[PDB]
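The structure appears below as structure tokens.
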Amino acid sequence: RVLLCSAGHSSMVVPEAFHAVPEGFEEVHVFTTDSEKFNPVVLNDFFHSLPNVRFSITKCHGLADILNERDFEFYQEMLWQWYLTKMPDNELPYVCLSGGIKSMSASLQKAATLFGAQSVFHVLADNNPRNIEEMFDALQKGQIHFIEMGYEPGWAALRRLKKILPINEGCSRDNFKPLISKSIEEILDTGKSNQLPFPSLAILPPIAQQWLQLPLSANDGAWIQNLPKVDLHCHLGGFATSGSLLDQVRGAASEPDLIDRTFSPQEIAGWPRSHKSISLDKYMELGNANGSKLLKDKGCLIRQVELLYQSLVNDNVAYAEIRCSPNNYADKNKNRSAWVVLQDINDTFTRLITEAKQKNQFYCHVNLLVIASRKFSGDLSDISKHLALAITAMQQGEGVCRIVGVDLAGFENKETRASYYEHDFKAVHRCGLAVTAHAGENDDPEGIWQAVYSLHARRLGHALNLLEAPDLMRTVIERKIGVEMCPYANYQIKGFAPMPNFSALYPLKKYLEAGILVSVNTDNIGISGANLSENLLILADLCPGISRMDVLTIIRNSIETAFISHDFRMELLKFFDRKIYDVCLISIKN
Amino acid sequence: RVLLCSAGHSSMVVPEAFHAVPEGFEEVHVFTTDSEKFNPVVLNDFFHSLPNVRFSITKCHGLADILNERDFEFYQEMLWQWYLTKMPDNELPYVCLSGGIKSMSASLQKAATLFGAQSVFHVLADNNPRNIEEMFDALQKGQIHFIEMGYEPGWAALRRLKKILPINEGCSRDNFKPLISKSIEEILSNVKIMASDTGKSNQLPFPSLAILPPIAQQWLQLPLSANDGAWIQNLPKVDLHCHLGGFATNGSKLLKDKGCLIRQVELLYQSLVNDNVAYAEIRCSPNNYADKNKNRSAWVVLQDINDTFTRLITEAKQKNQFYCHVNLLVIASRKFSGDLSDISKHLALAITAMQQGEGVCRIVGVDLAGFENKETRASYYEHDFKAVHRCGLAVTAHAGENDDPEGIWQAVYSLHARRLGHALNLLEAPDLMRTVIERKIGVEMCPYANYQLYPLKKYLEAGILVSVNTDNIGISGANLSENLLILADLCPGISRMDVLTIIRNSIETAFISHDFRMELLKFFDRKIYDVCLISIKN
Ligand SMILES: [Mg+2]
Ligand SMILES: [Mg+2]
């Protein structure tokens, strides 16, 4: 073990602390001011009798004693740097405070309680011995007291500053940034006080408990990636659109002869950070290289599903729901019916889940979503076909990758407000499925009312114009209705701050403070060119002033709004709680 | 602003610390041991020179100095106790550390880190001044120096130990108890359990009261005993279903006048506060109480109810004493054939009444109670509810006691009832269980009402947001604390955790605004924390 000490007038308190553990101590490292009242020769001869005990001596060069604010802050930053440098890599260092005047003793105590120490304590003797032949009988008589106030874990993970900040033993106060000063300066609203999800978030030391409340920044990439996230609006057809993913899915086709390798979607400057707003038609056009024209192949379908699952696992996602269009990928020529396609995707996902779980690795439990599209070019019987297919998949029953519900989506040019397609949606609720609705992407605030009150839809897509219907806000809020929303996709197809020639503000922050159960999603990964992590991170320059804890409550809302069973909700909540606790403990160790 | 400092052998710290802040302070408290070396006369006269600010001296009885482990632990306990009796109620205080020898300096810094402080600092003087005039002189020359440390927020949950013991009327060594040691050991054990185990580490399913001692959590996991009556009485509660007219059992025959209604409302409020209930929703019958011959319309009666309730709420709040926010629900008695327009009248009255706006008490929803029958199903009144949801109201229902499961289904889906009354036989339709589960439709079930095997346990296992209510206090002759008490013997194997789950489900199913729900969550969390932390000792 390694012990640390600081003393003033007293010269050999370190030997007194060296008997704190009856077994003994292994390493000794003492840091103190440049005052001459400390005697290094006595400590040297004391520790020379024990060669097996390492004895390293360091002093505050250029500072005999603390006298003013500048001297105090200089000594504080140097002892901080020495403390980060000198602790054991995996063990908390030992430390004692039986010596030194108030300033350095308090500074070392605060540094120890902020980083952590194996045991801080005090050693006092009744007879205040001056020579070793005195403290020998002082400890023999028991006069020396081993004053210990309690174990001090500190922040179990903060020492990343040892590496992210280069170790510089020789330096002055002229160049140092106290990140801790910024993390302490502003700590203490009702919301951030009591919207704490994941009850274990009350357990982290007050440093982390308040750090979670700081505004989110673009430099938060590793931490946001290391969180377990949830995606609820993902289109499988838009996963692979270009690049290595497209090459891999194309090469896995059963018959590569009929693979159109000539088409190539055009580039958008700065994509995904579009230099200007884009229309919906071109947004679908960028996904023309994939979709249904290429995914008819069974091998292509298997490769796409496996690649999507692998990417979802790589993005640290723990639960997801996938929107699929089984009818679009059916082909009667090869006896590839829509039901067969859905069954194959179910078996593939179940096999992937089982093989990931059997190895006790990280896996994202995945459930499907069927798409009852607007059915362009008429032929609305496919709506009933899709509902029947979903119902059959739902009472299929056995398995793990279950179908949870249906999705209604499509173009808003037809002006469908959940009334045209209401004539058949009555039967689905009897079985026990769940209904979403892509409503009001750019339409009037009227259709959503029937979408929630006649369709009984528990989720909404986008609905970015909800801010102008406060009456709709109130009824949405009381009914606990989730709102799926895609940051990058909406930003690209509509335009929001801060790109030039636009004044529209992203309604996310007001949606959160209102209390709408909004869950951030990614829509089409390949076309947008951004995974869940990037979509979450873009909120920094999308909605300024947002804090990490709003992200945490967004994740909690995403858990809440998923069409899943109760017991699975408890288990997933427990796993998310533990994982997120470890993440905020260890990842932000920076 | 409050200054706290330790007194050793010299009067150096206190005046320089008091004048260190340019604005100055208002309350200053200094802690010291039983040592006769220190003198209080200088500080006494200095603070008497400025009597506008407050000052006090606390002496650690029976301890002149620290000479062993027992002496130091006793001093630390009394220092922590003096600190906790001396937090300002809301704001964090300032701390000066330069007093005493390094031992009490470190103890005071530990106290500041543990309980949080506004801005702790150090004070040093080169010339070691002695008497007031030359302290002032040295401060004139700028020899004074304040060494600011930082701003510790501290453990928010650990500022709540003032409730268990402000002071033990000057405890002696014979009856001394290390309560602050209990606090520090509970928090360190919680952190160590978090860091060591994983199975216990991840469960944590509740509002972040995880910071109780592990012994407290183990006691909570234990099943209810019939002797926990004091504990449940002390816990804040919520009564989402209470009928005003059935308290003094009355109603149509007696309450036609005005003074009787006022005294009934006051009695209901007094009884409701008497049980420490923080929130309740009341269903009333304005048409049953109107008197046309006296020019007493139903609207007038409802306005009088709202006015007396909000007046009482304001009166209770002005005293800063514990008060119970109450909202009103307009009943729609299912009178069937008689005066079929009464239903439309009641809903229209509700829409008009909820729009009054100003008033802490308001109308948040309507009720569908009345004579239940197949003809009285939800598919009979549904022509009239196309607009109650349009104006943003809320609807409850009472079905399942003798009705049919498809009636419950249509009530859930046609009326879009946010809540539900009774429906004890919901087990026999697992499909209905799933429908009520995923839609998060609450259930209001009163154990005494059905008492006059109970499946509530199975309801918690499945996941119904079950709320326990009084229905009608008077005819049942029991309050909500009694209702919670019957669950012990009435349902064996019920754990004290499920009582808190019932309370939480009740506060989620209340027809309340988002911000009001947020405030109620915070207040409920603080109150349950305090009450369990107090009651675990006894
Ligand atoms: Mg979409
Ligand atoms: Mg009742």
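Letters A, B, ... mark the chains of the structure tokens in the order given; residue numbers begin at 1 per chain; ligand numbers begin at 1, in order shown.
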Find the residues near residue 170 (chain B): any atom within 12 Å, counting only C-alpha atoms, skip ones fewer than 5 places away on the same chain, and give them as an MDAnalysis selection string.
chainID B and resid 58:62 78 81:82 165 175:177
Kindly save the residues from that selection, with N, CA, C and O atoms included, as a PDB file, in the first residue's frame.
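Printed below is again-v3.pdb as written:
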```pdb
ATOM      1  N   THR B  58     -21.902  27.707  22.111  1.00  0.00           N
ATOM      2  CA  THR B  58     -22.200  26.328  22.471  1.00  0.00           C
ATOM      3  C   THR B  58     -20.957  25.681  23.061  1.00  0.00           C
ATOM      4  O   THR B  58     -19.874  25.748  22.468  1.00  0.00           O
ATOM      5  N   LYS B  59     -21.115  25.055  24.224  1.00  0.00           N
ATOM      6  CA  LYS B  59     -20.012  24.452  24.956  1.00  0.00           C
ATOM      7  C   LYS B  59     -20.226  22.949  25.044  1.00  0.00           C
ATOM      8  O   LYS B  59     -21.311  22.493  25.420  1.00  0.00           O
ATOM      9  N   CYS B  60     -19.194  22.183  24.697  1.00  0.00           N
ATOM     10  CA  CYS B  60     -19.252  20.728  24.781  1.00  0.00           C
ATOM     11  C   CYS B  60     -19.041  20.319  26.234  1.00  0.00           C
ATOM     12  O   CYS B  60     -17.916  20.363  26.742  1.00  0.00           O
ATOM     13  N   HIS B  61     -20.121  19.921  26.899  1.00  0.00           N
ATOM     14  CA  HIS B  61     -20.064  19.627  28.324  1.00  0.00           C
ATOM     15  C   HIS B  61     -19.207  18.399  28.602  1.00  0.00           C
ATOM     16  O   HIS B  61     -19.241  17.412  27.861  1.00  0.00           O
ATOM     17  N   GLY B  62     -18.431  18.467  29.683  1.00  0.00           N
ATOM     18  CA  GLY B  62     -17.668  17.322  30.137  1.00  0.00           C
ATOM     19  C   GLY B  62     -16.493  16.937  29.272  1.00  0.00           C
ATOM     20  O   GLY B  62     -16.056  15.784  29.322  1.00  0.00           O
ATOM     21  N   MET B  78     -20.835  15.824  19.184  1.00  0.00           N
ATOM     22  CA  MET B  78     -21.419  17.088  19.629  1.00  0.00           C
ATOM     23  C   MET B  78     -21.213  18.209  18.614  1.00  0.00           C
ATOM     24  O   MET B  78     -22.085  19.069  18.462  1.00  0.00           O
ATOM     25  N   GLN B  81     -23.832  17.599  16.046  1.00  0.00           N
ATOM     26  CA  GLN B  81     -25.149  17.931  16.580  1.00  0.00           C
ATOM     27  C   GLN B  81     -25.362  19.438  16.640  1.00  0.00           C
ATOM     28  O   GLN B  81     -26.438  19.938  16.285  1.00  0.00           O
ATOM     29  N   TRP B  82     -24.352  20.176  17.107  1.00  0.00           N
ATOM     30  CA  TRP B  82     -24.421  21.630  17.097  1.00  0.00           C
ATOM     31  C   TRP B  82     -24.586  22.138  15.679  1.00  0.00           C
ATOM     32  O   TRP B  82     -25.285  23.127  15.446  1.00  0.00           O
ATOM     33  N   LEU B 165     -33.431  13.870  15.809  1.00  0.00           N
ATOM     34  CA  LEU B 165     -32.932  14.405  17.070  1.00  0.00           C
ATOM     35  C   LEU B 165     -32.321  15.788  16.884  1.00  0.00           C
ATOM     36  O   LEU B 165     -31.155  15.903  16.486  1.00  0.00           O
ATOM     37  N   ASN B 175     -26.512   7.979  29.059  1.00  0.00           N
ATOM     38  CA  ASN B 175     -27.545   7.775  28.052  1.00  0.00           C
ATOM     39  C   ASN B 175     -27.143   8.318  26.684  1.00  0.00           C
ATOM     40  O   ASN B 175     -28.011   8.573  25.843  1.00  0.00           O
ATOM     41  N   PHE B 176     -25.848   8.505  26.445  1.00  0.00           N
ATOM     42  CA  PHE B 176     -25.394   8.981  25.147  1.00  0.00           C
ATOM     43  C   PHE B 176     -25.635   7.924  24.076  1.00  0.00           C
ATOM     44  O   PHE B 176     -25.598   6.718  24.337  1.00  0.00           O
ATOM     45  N   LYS B 177     -25.893   8.392  22.853  1.00  0.00           N
ATOM     46  CA  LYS B 177     -26.118   7.511  21.722  1.00  0.00           C
ATOM     47  C   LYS B 177     -25.472   8.137  20.491  1.00  0.00           C
ATOM     48  O   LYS B 177     -25.612   9.355  20.271  1.00  0.00           O
TER      49      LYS B 177
END
```
Give me the residues within 9 Å of residue 16 (chain A) as an mmCIF file with C-alpha atoms, in the first residue's frame, counting only C-alpha atoms and dropping any in the same chain fewer than 6 places off.
```
data_model
loop_
_atom_site.group_PDB
_atom_site.id
_atom_site.type_symbol
_atom_site.label_atom_id
_atom_site.label_comp_id
_atom_site.auth_asym_id
_atom_site.auth_seq_id
_atom_site.Cartn_x
_atom_site.Cartn_y
_atom_site.Cartn_z
ATOM 1 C CA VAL A 123 -2.460 10.219 15.195
ATOM 2 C CA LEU A 124 -2.016 12.115 18.463
ATOM 3 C CA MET A 135 7.331 7.644 20.913
ATOM 4 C CA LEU A 139 2.988 3.565 21.632
ATOM 5 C CA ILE A 144 -0.614 7.331 21.013
#
```
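Any residue of chain B with an atom no more than 6 Å from chain A counts as a contact; using only C-alpha atoms, that gives residues 68, 202, 203, 208, 392 and 522 of chain B.
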Report as an NGL selection string which protein, DNA and RNA residues come within 8 Å of ligand 2, using only C-alpha atoms and all ligand atoms.
:B and (241-243 or 369 or 470-472)
Output of the above residues as a PDB file, in the first residue's frame, restricted to C-alpha atoms:
```
ATOM      1  CA  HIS B 241     -62.262   8.823  -4.145  1.00  0.00           C
ATOM      2  CA  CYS B 242     -64.283  10.373  -1.314  1.00  0.00           C
ATOM      3  CA  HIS B 243     -67.961  11.341  -1.309  1.00  0.00           C
ATOM      4  CA  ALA B 369     -71.297   6.711 -10.616  1.00  0.00           C
ATOM      5  CA  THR B 470     -62.257   5.504   1.562  1.00  0.00           C
ATOM      6  CA  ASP B 471     -65.251   5.648  -0.808  1.00  0.00           C
ATOM      7  CA  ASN B 472     -67.534   7.141   1.858  1.00  0.00           C
TER       8      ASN B 472
END
```
Which protein, DNA or RNA residues have an atom within 8 Å of ligand 1, counting only C-alpha atoms and all ligand atoms, as a PyMOL selection string?
chain A and resi 233-235+409+438+461+523-524
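Separating CA of residue 410 (chain B) from CA of residue 379 (chain B) is a distance of 7.1 Å.
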Non-local contacts of residue 403 (chain B) (9 Å; only C-alpha atoms; under 5 positions in same chain excluded) as number ranges by chain:
B: 372-374, 377, 408, 423
Take the selection from the previous step and output its residues with N, CA and C atoms, as a CSV table (one decimal), in the first residue's frame.
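See result_9.csv below for the written result:
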```csv
chain,number,residue,atom,x,y,z
B,372,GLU,N,-76.0,0.8,-11.7
B,372,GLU,CA,-75.3,0.0,-12.8
B,372,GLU,C,-76.2,-1.1,-13.3
B,373,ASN,N,-76.3,-1.1,-14.6
B,373,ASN,CA,-77.1,-2.2,-15.3
B,373,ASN,C,-76.6,-2.3,-16.7
B,374,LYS,N,-77.1,-3.4,-17.4
B,374,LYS,CA,-76.7,-3.6,-18.8
B,374,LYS,C,-77.2,-2.4,-19.6
B,377,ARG,N,-75.0,0.8,-19.5
B,377,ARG,CA,-73.7,0.6,-20.0
B,377,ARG,C,-73.1,1.9,-20.6
B,408,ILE,N,-66.9,-3.0,-19.1
B,408,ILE,CA,-65.6,-2.4,-18.7
B,408,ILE,C,-64.8,-2.0,-19.9
B,423,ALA,N,-64.2,-2.9,-9.9
B,423,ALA,CA,-63.9,-4.0,-10.9
B,423,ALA,C,-63.0,-5.1,-10.3
```
